[PDB]
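>>> Output the structure for:
(12 chains, ligands or ions: 48)
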There are 12 protein chains.
Amino acid sequence: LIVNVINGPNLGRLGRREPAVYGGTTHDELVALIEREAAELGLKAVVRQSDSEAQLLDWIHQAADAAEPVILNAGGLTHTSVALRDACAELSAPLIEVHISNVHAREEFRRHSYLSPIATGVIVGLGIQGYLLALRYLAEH
Amino acid sequence: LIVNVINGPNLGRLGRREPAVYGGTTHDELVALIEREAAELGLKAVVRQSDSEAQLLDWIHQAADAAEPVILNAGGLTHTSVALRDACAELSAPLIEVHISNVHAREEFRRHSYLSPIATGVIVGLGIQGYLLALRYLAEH
Amino acid sequence: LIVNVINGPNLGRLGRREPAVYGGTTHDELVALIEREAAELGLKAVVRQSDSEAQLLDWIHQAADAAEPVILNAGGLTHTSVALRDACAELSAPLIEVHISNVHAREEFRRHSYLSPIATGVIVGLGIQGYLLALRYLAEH
Amino acid sequence: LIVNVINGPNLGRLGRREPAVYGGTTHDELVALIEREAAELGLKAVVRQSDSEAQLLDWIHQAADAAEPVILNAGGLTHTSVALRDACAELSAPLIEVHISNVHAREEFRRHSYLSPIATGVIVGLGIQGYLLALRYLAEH
Amino acid sequence: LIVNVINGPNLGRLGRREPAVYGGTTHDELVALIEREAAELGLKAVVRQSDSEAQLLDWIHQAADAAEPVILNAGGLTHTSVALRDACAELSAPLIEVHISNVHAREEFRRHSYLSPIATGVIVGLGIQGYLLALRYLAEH
Amino acid sequence: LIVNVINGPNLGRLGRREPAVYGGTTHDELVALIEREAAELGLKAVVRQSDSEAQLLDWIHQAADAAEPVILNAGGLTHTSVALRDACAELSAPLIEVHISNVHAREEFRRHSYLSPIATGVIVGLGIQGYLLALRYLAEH
Amino acid sequence: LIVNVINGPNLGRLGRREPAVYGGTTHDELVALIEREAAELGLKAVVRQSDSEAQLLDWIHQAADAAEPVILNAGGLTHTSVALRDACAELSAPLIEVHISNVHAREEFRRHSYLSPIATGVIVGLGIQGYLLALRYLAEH
Amino acid sequence: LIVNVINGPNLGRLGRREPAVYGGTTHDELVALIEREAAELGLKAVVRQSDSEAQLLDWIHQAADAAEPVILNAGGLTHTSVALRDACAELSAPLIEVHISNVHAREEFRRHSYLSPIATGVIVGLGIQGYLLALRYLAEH
Amino acid sequence: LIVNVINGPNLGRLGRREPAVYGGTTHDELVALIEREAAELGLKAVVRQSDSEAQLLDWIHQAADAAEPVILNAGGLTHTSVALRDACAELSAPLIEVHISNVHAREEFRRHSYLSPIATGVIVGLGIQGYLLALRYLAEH
Amino acid sequence: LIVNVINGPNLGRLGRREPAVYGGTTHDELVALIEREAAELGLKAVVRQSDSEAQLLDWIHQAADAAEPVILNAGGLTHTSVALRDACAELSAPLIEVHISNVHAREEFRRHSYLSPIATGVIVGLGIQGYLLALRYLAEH
Amino acid sequence: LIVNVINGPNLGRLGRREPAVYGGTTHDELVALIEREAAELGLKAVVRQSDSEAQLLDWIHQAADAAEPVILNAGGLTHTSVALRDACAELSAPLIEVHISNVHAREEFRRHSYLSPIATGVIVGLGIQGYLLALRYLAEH
Amino acid sequence: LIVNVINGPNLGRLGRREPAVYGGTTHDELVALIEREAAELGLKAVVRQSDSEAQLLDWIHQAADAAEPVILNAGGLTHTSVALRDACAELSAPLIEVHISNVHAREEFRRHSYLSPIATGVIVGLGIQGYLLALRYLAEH
Ligand SMILES: O=C(O)[C@]1(O)C=C(CCO)[C@@H](O)[C@H](O)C1
Ligand SMILES: O=C(O)[C@]1(O)C=C(CCO)[C@@H](O)[C@H](O)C1
Ligand SMILES: O=C(O)[C@]1(O)C=C(CCO)[C@@H](O)[C@H](O)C1
Ligand SMILES: O=C(O)[C@]1(O)C=C(CCO)[C@@H](O)[C@H](O)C1
Ligand SMILES: O=C(O)[C@]1(O)C=C(CCO)[C@@H](O)[C@H](O)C1
Ligand SMILES: O=C(O)[C@]1(O)C=C(CCO)[C@@H](O)[C@H](O)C1
Ligand SMILES: O=C(O)[C@]1(O)C=C(CCO)[C@@H](O)[C@H](O)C1
Ligand SMILES: O=C(O)[C@]1(O)C=C(CCO)[C@@H](O)[C@H](O)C1
Ligand SMILES: O=C(O)[C@]1(O)C=C(CCO)[C@@H](O)[C@H](O)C1
Ligand SMILES: O=C(O)[C@]1(O)C=C(CCO)[C@@H](O)[C@H](O)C1
Ligand SMILES: O=C(O)[C@]1(O)C=C(CCO)[C@@H](O)[C@H](O)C1
Ligand SMILES: O=C(O)[C@]1(O)C=C(CCO)[C@@H](O)[C@H](O)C1
Ligand code: NA
Ligand code: NA
Ligand code: NA
Ligand code: NA
Ligand code: NA
Ligand code: NA
Ligand code: NA
Ligand code: NA
Ligand code: NA
Ligand code: NA
Ligand code: NA
Ligand code: NA
Ligand code: NA
Ligand code: NA
Ligand code: NA
Ligand code: NA
Ligand code: NA
Ligand code: NA
Ligand code: NA
Ligand code: NA
Ligand code: NA
Ligand code: NA
Ligand code: NA
Ligand code: NA
Ligand code: NA
Ligand code: NA
Ligand code: NA
Ligand code: NA
Ligand code: NA
Ligand code: NA
Ligand code: NA
Ligand code: NA
Ligand code: NA
Ligand code: NA
Ligand code: NA
Ligand code: NA
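Numbering: from 1, shown residues only, chains lettered A, B, ... in the order given. Ligands and ions are numbered 1, 2, ... in the order given. Here you go:
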């Protein structure tokens, strides 16, 4: 029923660099697209964004306590934060890691994720439709 | 309209190991699920499997010449074949790389792909629904 | 006389995963155990926890200015934060690094600490008694 | 005209360790020196410091939206934060990375920067005059 | 009740280098301190030292057969001996690894231990009080 | 008073590749700019260039014997010559290492310098103004 | 009762290089020796060779479905094929990996095997008697 | 007299990607150019291409038995196949390895060849004339 | 005729850990099995075990002087001792290295042997039958 | 029309070591062979050799200014000199790198070249005919 | 006056392998040569050999307590023993490390020494005269 | 009879840094000491120094042609020059590599030598007596 979509650092800046990297959809448009899709699927999507690791951790803690699934795009913290990994390892419902860009076609440091080994699955490089596809996985799960 | 789904070595063996690793769906069931989904999406899915790298290359060559999109699960060749990478780099339509298992939760050698850097995107660890989600991306693309 | 016990990200979640990883004592129980032990030793323990690196840094800054000893369990930041290391290098009184779990029996990335080289000493894998043993070292120091 | 000087974790502690590492100038003195130099150059310097990555990111976001140049000394986050790198990659005006100490004469982990590849340039080991020299580059740019 | 304290190569030389590295307590004084503490705790400590790996192995074998806990400071063999690791993996009662010096502040080769992954826990850099603190852990265990 | 500016291999070729890499100023123009700036600062700049390591070493030897400061852009020898490093380690007055290009944005092999650890400081990626900024540091030093 | 002996690329060329590397027995002689030994042991040996990975995979698939033991000398694919590893991981009866030459005395790349971690055991450097010794292990198993 | 030219995976696709990578000559044109050159040199060139490793191995086996020289462009198998290396090590006449593209200017994984250490020589980056130049070496050999 | 079987550290402890790792046969049973097999083969087996490297070296020295073959299971010293390697390099008769467990399925540090490159051959993971199979190789040699 | 052949350190010593490494042709003979071939091709070859990096750089500078092609065998500087690489990157006409010996069959340090990534192409292991084959490429270019 | 010459594992076997590796002088001859040279120099040489690390450590301990210089050829323990390094770090008089063979021309693992960083100096590859040359250094020291 | 002593970059600067690194003997004093010792040994020592690699190479070439032994202290080129290695590999008489300082106690980059693998032997850390000891080896050779 309830799905948490959690976006990390810099994801509030969607639609401000060249559409080359992350597409032309803004974060507000993203929230709207996700909500619309979620309703069609008979889910409720709670979509939140923060540039603060501590805030992200608190959202993951609540999802852990509620046994709610998480779609998480951690931004740069994907590649650097053990703390985020430790919080996500508490989750009992599925965790789908999403990257808008194809990280495997960028710098080598983006090709490692602390989150992938503990996630249910990972979607990269399908732009913002990656979130919609994750919702749909969760609706069937 | 037409989408090629190409499965590589050992994928014909789906449903024969413990459902732990790859799920309980057989390859024939997979073909059927994909075809059914593709028709609902108004696509035609051509689904093929081989344990022979040369056969896989020939299928990729035809997709390149037809400018058709490919959903490719290369099995073990993901981690080892430059030749497959070179064939896939000719593709002008999208290439979505799919892994049934979450390779990031397994041996370290499964965490490298020669295909990811040239793919449009990658879906891992969502089981066979990963193919269905790729079809759906392509139907919107 | 005064000892600061500083816990970092996710340590507020003690007692919520399987007792396998970190034991069944909660953070509030931990505070209570530490305070009781500290009083028996004729010390005052100030025990604080935050998931925010900036808050942790500020607590370390105050300990540096007061020349007070610190028992620090930085959680995931142990393995990732140079900033925390830089703050701890100002400390003139002892710094004892504590890990509840035996990090050497877990993932390889947990086997590196930015803090160990600048700490007085390190206690790992003795569960929450690791804090009590650190207090006792400080009472004799 | 307007230049942002952004200092990251622990830079508020300038003048509190042995003058060996970072010199004897405090952060307030630094702000004053920079402002005085900036006025002589006919610039306005906005100088800000935070130990919070999220706050640093927000300052970089504003500089990106205003197309203003940034002189950035990220402290320990230089060596660890992809998120900071991603925010700085939006900047369209110059980015000069500054380190007070000669990081190349210290620990090996200080010899890598996530920021250098996307900066216009880098000044290290010239103490606080490194900021003044960056201002002067920007006044001619 | 019975605890074995086993010291490896060069530990008989305690109190002969500058107090900088290992302190000014000799091995005989160490035995005496440990015995006194053990009696206060209502334990019996059997404290033994050898520069011979084979002798150390035989002591570990006996502790394994008696199901007795071991506090082990293996000296240089910590970083080099698989054989010692294999003997210690038989132990069914706790194994606490102790280093007098903070190995993390010395040469990089001292930062790896073959023993840590199989030990219950590890205490480093607290000087000879590290042994006393291990005894106290065992008295509560 | 006297400052030596020493340029190494290929720096005589300034202004001959695309202005992309090193700018459009020639070496003769560079000498002129440096001299003009030095006079304004009340310094005398002795500016020399050679493609011969032995000649560079001899210039560094003379600066060492005269206790004169050196601004050194060693070209490709930055990344390869221990001999140059050994000569520069004799210098008792400051050594400022200068790179015209941002080496951190180029090939990985340009990101290591044998000179940085023994230099007073390093300026990269500020083009030829990097020399002028070094002069100004020295005038205040 | 039934044992499959599977030889991979280039093993059909036995007896054609200097007897230094692989001995002077041809593949046909090898088949004959194995059959003779197998009969003495009261086993039936099915001995097959191919330079085609796909053919090797199909033979391993059949052994998996029949629950038959495999003695496998994969030739160069030992060091390179994940696909072969994946097929061999299905085997429920024993898998003995055999190398005629002592791979540990040759190039470093021959010292890694994708098969060893999933094999029951490995025999190297005992020439063709390695096959006979594997048969004998299986006859007792 | 007789020279074998053997092309591996994807070389049948010459002239189908942008002329940037491999030139605009097709494989059929290549065969024709080689034959014409060979006749001028008084040689007979047997030119063959396959995407199948097993087929390539069989061609190398025949060249080994006939003591005929080989010009080999193995495509992606250059970087991945030990089996191909093992077959080529049987060759008693010269082996010239040819790459159309300059592999040293591409991805790092293309800069390693299993074939180079056992080849007589290697020609890279001279396009299809690399084959013609190899023929000419063999005509003088 | 005479074969030396030499077992190193911890091999006297066979049959004392879970049969999972090394089987349920004790060292005395092993000696008996080997002797019985050796007599059937018309050999004399001299079987010795020590936890002392110096004792092992002396046994290898005697085998070198007598030109007698050695079956050696060095235990943990396999992975760590150059001295043992140097002694074994004197042997003129065959040296067969034996491991009871499949070291390739355990920790990565067990996957390197200082002995394999100088051994005639290596048998791993066939339990105690590995010794019997080595005897049989030697009886035919 | 004009082609520069530039030989680096030790190439003046051709014909003085065992013909095993570099052949029996001296440098003077090499000059003569190249000149004769060049005339047959209707080219003029200017062939020069120096053990001085600075002299080599000056020759490359002149070829850059004249837009003349270079055949360069840099000797040991191939593997060590960034300065040479930087000079060769100015060349607008083709650069063919030549090695007489097959560097891939020698020490590992000879398998890296700073020149290959910026060269048009590379010929190794064809002895002195490698120069003649490069001339012929240039005559067709 | 008194100099200790300490030889480690396998050095008692001098003169038993091909004179290629270590020369044809036996250990007894070596003792005699050293004694004769020492007397000519007006020194007393105490020459001892053991294959037991513990015995070597005890000899080093005595040299440390007597403040006597040591010439040490540790054999294979050079490359493997931290314990030996720790004992040698107590020595206050000079420590000269000697290797008979040129370890730099052998396996790569022989090119690392735990002893070199703490030795006064090192002599390798001068055969047994290396000991005589060390004595002579000590006689002048 | 004749021995060449060849000193490389910066060795003309002996006696100008703190006696800590290289001692207080100047190069002229060194020449004098060597000559005096050589005469006592009935040798003639030709002692030469240059900061120019090309000059060093030419001296090594002459020693190769005269079949004269070389004592070589290459300075920083020890760690960086393949060209020097290639010249020294021609030498048929002994080559003794000498370092005044103990390079193993300094930076890690000084612990690799391109010369050691081809030298007869190596003396490090015995100061200038290292040259005298090399002469004496050569007088007995
Ligand atoms: O592609 C993504 O969605 C991504 O997770 C996002 C960011 C930051 C986006 O501004 C980057 O830090 C990640 O490396 C990739
Ligand atoms: O998870 C998958 O789908 C996968 O692509 C498939 C195989 C082989 C499946 O038998 C494995 O070789 C890959 O590592 C992962
Ligand atoms: O064992 C610990 O106490 C530890 O410091 C704590 C955490 C996070 C605890 O939730 C982990 O991030 C550390 O790796 C180990
Ligand atoms: O030298 C600097 O200015 C520096 O950026 C600052 C800090 C933290 C300063 O307390 C360190 O974390 C950096 O490694 C170096
Ligand atoms: O600090 C310790 O107690 C230590 O275990 C002891 C020794 C040898 C002590 O002489 C060293 O070999 C270890 O690296 C650290
Ligand atoms: O950017 C510079 O100034 C630099 O020092 C110069 C050269 C050579 C310039 O032709 C290059 O070799 C360095 O890598 C960068
Ligand atoms: O020694 C063997 O049997 C071996 O498996 C065989 C081959 C190919 C044999 O031609 C090689 O590819 C392997 O590295 C070793
Ligand atoms: O440049 C070549 O000729 C090359 O051998 C060919 C291929 C495949 C060509 O489609 C690539 O796989 C090689 O890396 C380079
Ligand atoms: O499997 C074996 O026989 C083995 O040689 C034995 C030991 C020690 C056995 O107690 C281990 O040290 C080796 O790694 C593996
Ligand atoms: O093979 C060659 O031509 C080569 O370029 C030449 C030399 C020096 C030749 O004396 C070596 O330094 C190179 O590694 C290989
Ligand atoms: O060359 C030597 O003297 C040496 O120290 C001796 C031995 C053992 C000699 O049998 C080897 O273990 C060392 O690697 C080299
Ligand atoms: O110790 C030596 O003699 C040495 O060869 C000399 C130099 C340069 C001396 O100024 C250094 O470059 C070497 O690393 C060490
Ligand atoms: Na919620
Ligand atoms: Na991970
Ligand atoms: Na999209
Ligand atoms: Na199709
Ligand atoms: Na890749
Ligand atoms: Na699924
Ligand atoms: Na406090
Ligand atoms: Na560290
Ligand atoms: Na506890
Ligand atoms: Na502003
Ligand atoms: Na980077
Ligand atoms: Na300053
Ligand atoms: Na006991
Ligand atoms: Na370990
Ligand atoms: Na203490
Ligand atoms: Na001057
Ligand atoms: Na350095
Ligand atoms: Na500029
Ligand atoms: Na069968
Ligand atoms: Na593996
Ligand atoms: Na055999
Ligand atoms: Na043919
Ligand atoms: Na290779
Ligand atoms: Na061409
Ligand atoms: Na015997
Ligand atoms: Na080895
Ligand atoms: Na068994
Ligand atoms: Na010319
Ligand atoms: Na390169
Ligand atoms: Na030739
Ligand atoms: Na003595
Ligand atoms: Na060391
Ligand atoms: Na000798
Ligand atoms: Na001479
Ligand atoms: Na080398
Ligand atoms: Na001296």
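>>> For ligand 4, what's the nearest residue on chain A?
residue A:80 (15.3 Å; CB to the nearest ligand atom). Every residue, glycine included, has its C-beta placed from N, CA and C.
>>> just checking, that residue touches residue D:81?
Yes: with contact defined as CB atoms under 8 Å, residue A:80 counts as touching residue D:81 (6.6 Å).
>>> Neighbour count: the two, which is higher?
Taking neighbours as other CB atoms under 10 Å in any protein chain shown, residue A:80 and residue D:81 compare with residue D:81 leading, 30 against 23.
>>> hang on, isn't the more buried one packed against residue D:57?
No: assessed by CB under 8 Å, residue D:81 is found out of contact with residue D:57, at 9.1 Å.
>>> sorry, back to before: which non-adjacent residue is nearest the residue of chain A closest to ligand 4?
residue D:82 (5.6 Å; CB to CB, 6 or more residues apart in numbering or on different chains).
>>> is it true that the one you found touches residue D:114?
Yes: in this structure, residue D:82 is within contact of residue D:114 by CB under 8 Å, at 6.1 Å.
>>> coming back round to it: would you quantify the distance from the residue of chain A closest to ligand 4 to residue I:47?
55 Å (CB to CB, to the nearest Å).
>>> mind listing the helices for chain A?
Taking DSSP state H, the helices of chain A run over residues A:19-22, A:27-40, A:53-66, A:82-88, A:129-140.
>>> Would you tell me which one of the ones you listed is buried the most?
Stretch with highest mean neighbour count among the helices of chain A: helix A:82-88 (a mean of 24; mean count of other CB atoms under 10 Å in any protein chain shown).
>>> Any residue of that helix touching ligand 3?
Yes: interface with ligand 3: helix A:82-88 contributes A:82, A:86 (CB under 6 Å from any ligand atom).
>>> How about that helix and ligand 1, touching?
No: on the criterion CB under 6 Å from any ligand atom, helix A:82-88 is out of touch with ligand 1, staying 12.2 Å away.
>>> Give the other helices and strands that that helix contacts.
helix A:53-66 (3 or more CB pairs under 8 Å, 6 or more residues apart in numbering or on different chains; DSSP states H and E).
>>> so what does the helix it packs on touch, helix or strand wise?
Here helix A:53-66 touches strand A:2-7, strand A:70-73, helix A:82-88, helix C:53-66, helix D:53-66, going by 3+ CB pairs under 8 Å, 6+ apart.
>>> okay, those in TSV with distance to residue H:29 next?
TSV is the format used below for the helices and strands packed on helix A:53-66 (distance: least, CB to CB, whole Å):
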stretch	distance to residue H:29
strand A:2-7	53
strand A:70-73	49
helix A:82-88	55
helix C:53-66	63
helix D:53-66	52
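>>> What's the separation between residue A:104 and residue A:75?
Counting by CB to CB, the separation of residue A:104 from residue A:75 is 16 Å.
>>> circling back to that earlier point, what do residue D:82 and residue D:114 both touch?
Common neighbours of residue D:82 and residue D:114 (criterion: CB atoms under 8 Å, 6 or more residues apart in numbering or on different chains): residue A:109.
>>> Which single residue in chain A comes nearest to ligand 12?
For chain A, CB to the nearest ligand atom, closest residue to ligand 12: residue A:108, 32.6 Å.
>>> Enumerate the residues of chain A near chain B.
A:96, A:102, A:104-105, A:111, A:113, A:116-126, A:129-130, A:133, A:136-137, A:140 (CB under 8 Å from any CB of the partner chain).
>>> Between the two ends of stretch A:76-87, what distance do you get?
Chord length of stretch A:76-87, first to last residue, is 16 Å (CA to CA, to the nearest Å).
>>> Next, the contact list for the residue of chain A found nearest ligand 21, please.
Per CB to the ion, residue A:86 is where chain A lies closest to ligand 21, at 19.4 Å. With contacts defined as CB under 8 Å, 6+ apart, residue A:86 is in contact with C:9, C:10, C:75, C:76.
>>> Kindly recompute the last result at 10 Å.
By CB atoms under 10 Å, 6 or more residues apart in numbering or on different chains, residue A:86 lies in contact with A:57, A:60, A:114, A:118, C:9-11, C:13, C:17, C:21-22, C:75-76, C:110.
>>> Residue A:119 now?
Residues in contact with residue A:119 (CB under 10 Å, 6+ apart) are A:70, A:72, A:85, A:88, A:91, A:94-98, A:113, B:102, B:104-105, B:124-125.
>>> excluding its backbone neighbours, what's nearest residue A:6?
Leaving aside its sequence neighbours, residue A:6 sits nearest to residue A:72 (CB to CB, 6+ apart; 4.9 Å).
>>> Quickly list what the one you found is bridged to.
residue A:6, residue A:97 (DSSP bridges).
>>> neighbour-wise, which of residue A:104 and residue A:75 wins?
Neighbours around residue A:104 and residue A:75, counted as other CB under 10 Å, are more numerous at residue A:75. The numbers are 25 against 21.
>>> That one touches residue A:49, doesn't it?
Yes: in this structure, residue A:75 is within contact of residue A:49 by CB atoms under 10 Å, at 9.4 Å.
>>> Compute the number of surrounding residues for the residue of chain A found nearest ligand 42.
Using CB to the ion, the closest approach of chain A to ligand 42 is made by residue A:108 at 40.5 Å. Other residues near residue A:108 number 8, with proximity taken as other CB under 10 Å.
>>> try the one 10 residues further on
Other residues within reach of residue A:118 by the criterion other CB under 10 Å amount to 18.
>>> How much space separates whichever residue of chain A sits closest to chain F from ligand 15?
Closest residue of chain A to chain F, CB to the nearest CB: residue A:108 (10.1 Å). Using CB to the ion, to the nearest Å, residue A:108 is found at 24 Å from ligand 15.
>>> repeat for residue A:133
Distance from residue A:133 to ligand 15, by CB to the ion: 9 Å.
>>> doesn't residue B:139 make contact with that residue?
No: counting by CB under 10 Å, residue A:133 stays clear of residue B:139, with 11.4 Å between them.
>>> What parts of chain A come near ligand 3?
Taking CB under 6 Å from any ligand atom as the contact definition, chain A meets ligand 3 at A:82, A:86.
>>> Tell me which residue of chain A lies closest to chain G.
residue A:104 (18.0 Å).
>>> residues touching that residue, list them.
So residue A:104 contacts A:110-111, A:124-125, B:97, B:112-113, B:115-119, B:121-122 (CB under 10 Å, 6+ apart).
>>> give me that answer again for 6 Å
By CB atoms under 6 Å, 6 or more residues apart in numbering or on different chains, the contact list for residue A:104 reads A:111, B:116, B:117.
>>> Select from those residues the one having the most neighbours.
Most neighbours among these, by other CB under 10 Å: residue B:116, with 20 neighbours.
>>> Make sure that one is actually in contact with residue B:122.
Yes: using CB atoms under 6 Å, residue B:116 is in contact with residue B:122, at 5.3 Å.
>>> mind putting the helices and strands packed on helix A:53-66 in TSV, distance to ligand 11 included?
Formatted as TSV, these follow (distance: least, CB to the nearest ligand atom, whole Å):
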stretch	distance to ligand 11
strand A:2-7	57
strand A:70-73	53
helix A:82-88	41
helix C:53-66	48
helix D:53-66	50
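>>> Quick check: which of these is nearest to ligand 27?
Of all the helices and strands packed on helix A:53-66, it is helix C:53-66 that lies closest to ligand 27, at 21.4 Å by CB to the ion.
>>> Kindly format the C-alpha coordinates of the closest one as CSV.
The C-alpha coordinates for helix C:53-66 follow below in CSV (Å, rounded to 0.1, in the frame of the first residue of the first chain):
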residue,chain,number,x,y,z
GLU,C,53,28.1,14.8,11.4
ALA,C,54,28.0,18.5,12.2
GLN,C,55,26.5,18.0,15.6
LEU,C,56,29.1,15.3,16.3
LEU,C,57,31.9,17.7,15.2
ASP,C,58,30.5,20.4,17.6
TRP,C,59,30.5,18.0,20.5
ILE,C,60,34.1,17.1,19.7
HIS,C,61,35.0,20.8,19.5
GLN,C,62,33.7,21.4,23.0
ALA,C,63,35.6,18.4,24.4
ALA,C,64,38.7,19.8,22.7
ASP,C,65,38.2,23.3,24.3
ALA,C,66,37.4,21.8,27.7
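>>> All set, thanks.
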